[PDB]
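Backbone-built Cβ (ideal geometry, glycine too); neighbour counts: all protein chains shown. Taken together, the values in this text are just the output of simple stated rules run on the coordinates, not laboratory data.
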Amino acid sequence: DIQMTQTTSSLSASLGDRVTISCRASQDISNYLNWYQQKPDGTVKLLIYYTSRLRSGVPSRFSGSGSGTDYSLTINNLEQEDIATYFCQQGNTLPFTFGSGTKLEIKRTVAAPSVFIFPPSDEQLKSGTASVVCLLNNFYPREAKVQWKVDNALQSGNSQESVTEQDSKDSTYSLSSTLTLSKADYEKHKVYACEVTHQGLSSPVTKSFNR
Amino acid sequence: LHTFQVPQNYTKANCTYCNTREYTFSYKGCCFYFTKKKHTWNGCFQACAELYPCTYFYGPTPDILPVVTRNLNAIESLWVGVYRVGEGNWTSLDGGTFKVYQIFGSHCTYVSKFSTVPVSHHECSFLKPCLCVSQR
Amino acid sequence: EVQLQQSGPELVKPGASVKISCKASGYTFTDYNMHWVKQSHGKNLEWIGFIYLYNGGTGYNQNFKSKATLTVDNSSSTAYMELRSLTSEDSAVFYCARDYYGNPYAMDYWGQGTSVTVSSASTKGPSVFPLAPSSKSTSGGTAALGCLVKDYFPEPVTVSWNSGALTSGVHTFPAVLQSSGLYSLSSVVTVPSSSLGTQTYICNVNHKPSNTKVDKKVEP
C-alpha cells in the first residue's frame with residue numbers, strides 16, 4: 001500500500017540548467033528508491049538506485065538524494081538527450097509501485113510557426129471525404145490556437161489536432177489540424193482558411209485557399 | 001542404513017589469528033578472507049571455521065560492506081553471515097541488528113560488488129564463496 | 001546490443017488472452033528475477049509481478065493475480081506472460097525487466113515494450129493520399145509536402161521518406177481517431193521550394209498488422 005506521489009508532471013528548463021524532480025512516499029521506504037528514465041521511443045533505463053547510487057554508464061549529471069519518504073533526482077547541465085519522462089520507484093515492500101512521472105521539456109526562445117495549408121487531394125475526393133490540413137512547422141512554445149473558417153464561418157466540432165514531440169535539434173513543436181467534411185459539404189463552400197494564434201506572432205496569421 | 005544427521009552449532013571465535021600472507025583484505029583489527037571454494041550458505045559456517053584457526057562466518061555491518069564489495073569482482077557473489085531469528089530482525093555471530101533486503105528471501109544472505117545492503121536469496125543451495133573473518 | 005528482446009505489437013479481441021514473450025541474451029538466465037510492469041495511458045506504470053528465473057516461482061500484484069500468469073522457459077532463455085479476459089482497459093504497453101544483481105529492489109535492464117491493443121474492430125489497411133506542395137504552403141523559400149495515412153487499424157504505422165534518405169524536416173504526427181472508427185496521421189517534410197521537381201520525395205507507409213506497404217510519390 002506504499003504509494004509514490006510525484007510533485008510535478010511537467011518540468012521546463014533551458015540547456016545547461018538544473019532540474020529537480022521530487023517524489024514522496026506514503027510511508028518510510030528506507031532509501032529503497034530508484035529513478036528510471038523513459039525516452040519518447042519507450043526505452044527505459046535505470047538511472048539511479050538506492051536513492052543516490054549512480055548506475056555505471058549513466059553520466060554524472062544525474063544525481064539523487066533523499067530519506068524516509070522524500071526523495072529527489074537532480075539533472076545538472078541539461079542536455080538535449082535528457083528530454084524524457086522520469087519515474088521514481090520504491091522497492092521497500094511488495095507490490096513495487098512507481099510515481100506518476102515527470103516529463104522534462106527543454107525551454108527555449110519563442111519561435112514563430114511556419115503556416116502551411118493543404119487542400120484535399122483529388123484521389124481522396126473520389127471516396128466521399130475531404131480532409132483539409134493546416135500545418136504549423138517548428139514553433140515554441142506549444143500553446144497555439146487554430147480556428148477553421150469556411151466562407152468566414154467559425155467552425156466547431158469538425159477539427160482534430162495532432163502535435164509532435166519536441167525536436168531533438170531545435171526544441172520546437174509542430175501541429176497538424178485536420179478539418180474533415182464530406183465531398184458534398186466540401187463542394188458547397190468556397191474559401192477555406194485556418195487562422196493561427198500564437199504568442200510568437202504579433203498578428204493572427206490566416207492561410208486560405210479557394211476551391 | 002542410509003542417512004545420518006549432525007546438529008552442528010557455530011559461534012564466533014574467542015582466540016586471535018591473522019594470516020598476513022593469504023588474507024583477502026584487512027580492516028581495523030579484523031582480517032577478512034574470501035573462500036576460494038564455493039559453498040552453500042549453511043556450509044559456509046563450517047567452511048570458515050576450518051579455513052584458518054579462529055575464523056568464522058562474518059556478517060558485514062554497514063561500515064565494512066563497502067570494503068568487502070571493493071575487494072569483490074563484477075560477476076562474483078559472496079555469502080555473508082547474517083541470519084534471522086524471528087523478531088529483532090537479522091543478526092550475526094557478533095550480534096547487532098542488520099539492514100537486510102528480505103523481500104525475495106528469508107534464510108540466506110549474500111552480497112555483490114554493487115550491493116548496498118545484504119540481500120536474502122530465495123534459494124540457499126547456490127555455490128558462492130564465503131566471507132570469513134579473524135581478529136588480530 | 002539489445003539484451004531483453006520483447007515480442008511485437010499484439011491486437012486481441014475483448015475477453016480473449018495474449019502471450020507476451022521476453023527473450024534474454026548476454027547474461028546467465030538463472031541468476032536473476034524477471035519483473036513485468038504495465039504502462040497504461042501514456043505514463044502511469046504498474047508493477048504486475050515477478051518470476052524467479054531459476055525455479056519458476058512467481059509473485060503477483062493483487063490487482064493482477066486473476067489476469068497475469070508468468071512462466072519461464074529455461075532452455076530457450078525466455079519469459080512468458082499470459083493475460084486473460086482482456087477488457088478495453090488492458091490496452092497498454094507491457095515491459096519485462098531484469099533486476100539489478102545484488103539489488104533486487106531495482107530493475108537494471110528493460111525491454112523495448114510490447115503494445116497490446118484490445119478492441120473489437122477489424123484490422124484494416126490504410127489509404128495513402130498525397131499532400132501536394134503548392135505555393136499556398138511555400139512560406140519563406142520553404143515549401144511543405146506530405147502524405148496523409150488515413151483509415152487504418154490498429155496502431156502503429158511506420159512512415160519513412162525515400163526509405164531513410166531524408167529524415168531532416170520530417171514531422172510524423174501521432175495518429176488521430178476519426179468518426180470513421182479508424183486512425184489517421186500525417187507525415188510532412190519541409191524543403192526549399194527551389195528543389196521542387198528537381199528531387200523526388202517518396203513516402204513509404206508500412207502497416208504490418210495488414211501486410212500493407214505503400215510507396216507513394218508526392219507530386220503537384
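Going residue by residue through the stretch A:152-161, is there one that turns out to be surrounded by 15 or more Cβ atoms within 10 Å (Cβ to Cβ) and more than 10 Å from chain C (Cβ to nearest Cβ)? Checking the stretch A:152-161: at least one residue is surrounded by 15 or more Cβ atoms within 10 Å (Cβ to Cβ) and more than 10 Å from chain C (Cβ to nearest Cβ). Screening C:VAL189 on (1) assigned to a loop (DSSP other than H, G, I, E, B); (2) crowded, with 16+ Cβ neighbours inside 10 Å shows it passes everything except condition (1). Taking (1) over 23 Å from B:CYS124 (Cβ atoms); (2) of a type outside the set (A, V, I, L, M); (3) without any contact (Cβ under 8 Å) to a residue 60 or more places away in the chain in turn, B:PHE4 satisfies each apart from (1). Applying the set (1) touching a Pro at 6+ places or on another chain (Cβ under 9 Å); (2) surrounded by 15 or more Cβ atoms within 10 Å (Cβ to Cβ); (3) of a type outside the set (A, V, I, L, M) to B:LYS36 leaves exactly one unmet item: (2).
So, A:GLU123, is that one assigned to a helix (DSSP H, G or I) and free of Cβ contacts under 8 Å to residues at least 24 places away in the same chain or not? Considered against the rule, which asks whether it is assigned to a helix (DSSP H, G or I) and free of Cβ contacts under 8 Å to residues at least 24 places away in the same chain, A:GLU123 comes out as yes. Selection of first residues in the stretch A:167-186 that are at positive phi and of second residues that are part of a loop (DSSP other than H, G, I, E, B), restricted to Cβ pairs under 9 Å at least 6 apart or on distinct chains, gives the following pairs, ordered by first then second residue: A:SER171/A:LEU15; A:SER171/A:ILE83; A:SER171/A:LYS107; A:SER171/A:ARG108.
Residues of the stretch A:84-120 being more than 7 Å from chain C (Cβ to nearest Cβ), assigned to a loop (DSSP other than H, G, I, E, B) and more than 15 Å from the chain's Cα centre (by Cα), which ones? Explain how you work it out, then say what you get.
Just the residues of the stretch A:84-120 that are more than 7 Å from chain C (Cβ to nearest Cβ), to begin with: A:84, A:86, A:88-90, A:92-93, A:99, A:102-113, A:119-120.
Checking which are assigned to a loop (DSSP other than H, G, I, E, B) leaves us with A:92-93, A:99, A:107-110, A:112-113, A:119-120.
Answer for the stretch A:84-120, where residues must be more than 7 Å from chain C (Cβ to nearest Cβ), assigned to a loop (DSSP other than H, G, I, E, B) and more than 15 Å from the chain's Cα centre (by Cα): A:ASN92, A:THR93, A:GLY99, A:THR109, A:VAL110, A:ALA112, A:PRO113, A:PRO119, A:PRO120.
For beta carbons closer than 6 Å, sequence separation of 6+ or different chains, a first residue in the stretch A:40-59 that is more than 8 Å from chain C (Cβ to nearest Cβ) and a second that is of a type outside the set (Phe, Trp, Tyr) and not in a strand (DSSP E or B), the qualifying pairs are A:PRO40/A:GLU165; A:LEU47/A:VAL58; A:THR51/A:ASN31. Scanning the stretch C:86-96 for residues that are facing chain A (nearest Cβ under 8 Å) and hydrophobic (A, V, I, L, M, F, W, C) turns up just one, C:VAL93.
Checked against the criterion of being assigned to a strand (DSSP E or B), aromatic (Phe, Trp, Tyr) and either at positive phi or free of Cβ contacts under 8 Å to residues at least 40 places away in the same chain (or both), the stretch A:23-39 has no qualifying residue. For residues in the stretch C:107-127 being touching a residue at least 24 places away in the same chain (Cβ under 8 Å) and facing chain A (nearest Cβ under 9 Å), which is nearest to A:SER121 (Cα to Cα)? It comes out as C:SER127. Of everything listed in (1) under 25 Å from B:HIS122 (Cβ atoms); (2) buried (at least 20 other Cβ atoms within 10 Å of the Cβ); (3) within 23 Å of the chain's Cα centre (by Cα), the single unmet condition for C:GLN39 is (1). For the stretch B:9-17, the criterion of being of a type outside the set (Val, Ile, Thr), in contact with a strand residue (DSSP E or B) (Cβ under 9 Å, 6 or more places away or on another chain), surrounded by 13 or more Cβ atoms within 10 Å (Cβ to Cβ) and under 30 Å from A:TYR49 (Cα atoms) is met by none of the residues. Restricting the stretch A:187-197 to residues that are more than 14 Å from chain C (Cβ to nearest Cβ) and in contact (Cβ under 8 Å) with a residue 24 or more places away in the chain, the residue that is surrounded by the most Cβ atoms within 10 Å (Cβ to Cβ) is A:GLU195. Exactly one residue out of C:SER168, C:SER163, C:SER195 is surrounded by fewer than 17 Cβ atoms within 10 Å (Cβ to Cβ) and within 11 Å of chain A (Cβ to nearest Cβ): that is C:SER168. The residue of the stretch C:128-150 that is farthest from the other protein chains (Cβ to nearest Cβ), among those that are in a strand (DSSP E or B) and β-branched (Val, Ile, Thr), is C:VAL149. For the stretch B:20-44, filtered to residues that are touching a strand residue (DSSP E or B) at 6+ places or on another chain (Cβ under 7 Å) and part of a loop (DSSP other than H, G, I, E, B), the residue that is nearest to B:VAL68 (Cα to Cα) is B:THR24. Applying the condition of being in contact with a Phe, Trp or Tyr (Cβ under 9 Å, 6 or more places away or on another chain) and part of a strand (DSSP E or B) to the stretch C:151-171 and asking which residue is nearest to A:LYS169 (Cα to Cα) yields C:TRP161.
Here's the yes/no breakdown for (1) touching a strand residue (DSSP E or B) at 6+ places or on another chain (Cβ under 9 Å); (2) within 11 Å of A:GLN90 (Cα to Cα):
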| position | (1), (2) |
| --- | --- |
| A:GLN3 | yes, yes |
| A:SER9 | yes, no |
| A:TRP35 | yes, yes |
| A:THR43 | yes, no |
| A:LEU46 | yes, no |
| A:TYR49 | yes, yes |
| A:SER67 | no, no |
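Scanning the stretch C:1-15 for residues that are within 11 Å of chain A (Cβ to nearest Cβ) and either acidic (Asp, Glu) or in contact with a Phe, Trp or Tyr (Cβ under 9 Å, 6 or more places away or on another chain) (or both) yields C:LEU4, C:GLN6. Does the stretch C:16-56 hold any residues that are within 14 Å of chain A (Cβ to nearest Cβ) and aliphatic (A, V, I, L, M), and which are they? Scanning the stretch C:16-56 gives C:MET34, C:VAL37, C:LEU45, C:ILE48, C:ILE51. Any residue at all in the stretch B:107-130 that is more than 14 Å from every other protein chain (Cβ to nearest Cβ), buried (at least 22 other Cβ atoms within 10 Å of the Cβ) and assigned to a loop (DSSP other than H, G, I, E, B)? For the stretch B:107-130, residues more than 14 Å from every other protein chain (Cβ to nearest Cβ), buried (at least 22 other Cβ atoms within 10 Å of the Cβ) and assigned to a loop (DSSP other than H, G, I, E, B): absent. Exactly one residue out of A:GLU123, A:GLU165 is of a type outside the set (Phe, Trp, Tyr), facing chain C (nearest Cβ under 10 Å) and over 28 Å from the mean Cα position of the chain (by Cα): that is A:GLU123.
As a summary of the residue check, A:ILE117 satisfies the conditions (1) of a type in the set (A, V, I, L, M); (2) crowded, with 17+ Cβ neighbours inside 10 Å; (3) out of contact with any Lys or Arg (no Cβ under 6 Å at 6 or more places or on another chain) except for the one numbered (3). Scanning the stretch A:126-151 for residues that are more than 12 Å from chain C (Cβ to nearest Cβ), out of contact with any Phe, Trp or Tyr (no Cβ under 7 Å at 6 or more places or on another chain), within 28 Å of A:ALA84 (Cα to Cα) and not in a loop (DSSP other than H, G, I, E, B) yields a total of 3.
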